[PDB]
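What follows is one chain in structure tokens, specifically the form deposited in one PDB entry.
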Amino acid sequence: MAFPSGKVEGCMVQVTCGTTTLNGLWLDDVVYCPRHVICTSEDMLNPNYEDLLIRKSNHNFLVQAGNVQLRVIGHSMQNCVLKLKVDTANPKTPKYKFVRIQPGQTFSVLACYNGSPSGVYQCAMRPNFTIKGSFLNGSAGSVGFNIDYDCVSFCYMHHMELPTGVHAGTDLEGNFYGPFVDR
């Protein structure tokens, strides 16, 4: 059984940089999202994420929570996740922790397409640190979580599909699960 998704639904936003838009997680005054939102159609072969994040402005980021626009007042990169500081804290932030899970352990995924929640799925990571599921197609930035009492433990952020059809992502500190690199 998947966990109820209401507490996570209230944290999902849309993050746009140029012609890349994907899902982000809005907790307190920070928006977390995959760092490869700063790449374009050519910056995926070999990117210099250090150069790129310096080369971008706060106004180069479009953060929308439904029809509310959020102004980025600063950006940094924690491993493989971009952390966007915004001018207002999420009033719907639940109690949360960031945890790292192991293959075999199940968690719920709230699949989102363009910031809008589509479905809730229970999955588990395979021993190769991948998740099998066509439900994650196009849903980069969707998260995985468990709930204990009143507290949401975020454990996963979807990043990209592999040529093999499987999916790969990080924990909420930007550390990938398994041997993968966003390139």
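Heads up: residue numbers just count along the shown sequence, starting at 1.
There is another form of this protein, the form solved in complex with a partner chain, and it is not shown here; the text below is about that form.
Novice: With a 4.5 Å heavy atom cut-off, would you call residue 16 a contact of its partner chain in the entry with it bound?
Specialist: Judged by the heavy-atom cut-off of 4.5 Å, residue 16 is in contact with its partner chain in the entry with it bound.
Novice: Just to confirm, residue 56 within 4.5 Å of its partner chain in the entry with it bound by heavy atoms?
Specialist: Residue 56: yes, in contact with its partner chain in the entry with it bound.
Novice: How about residue 40: is it within 4.5 Å of its partner chain in the entry with it bound, going by heavy atoms?
Specialist: It does: once its partner chain is placed as it appears in the entry with it bound, residue 40 has a heavy atom within 4.5 Å of it.
Novice: Quick one: is residue 151 in contact with its partner chain in the entry with it bound, heavy atoms, 4.5 Å cut-off?
Specialist: No, residue 151 is distant from the partner.
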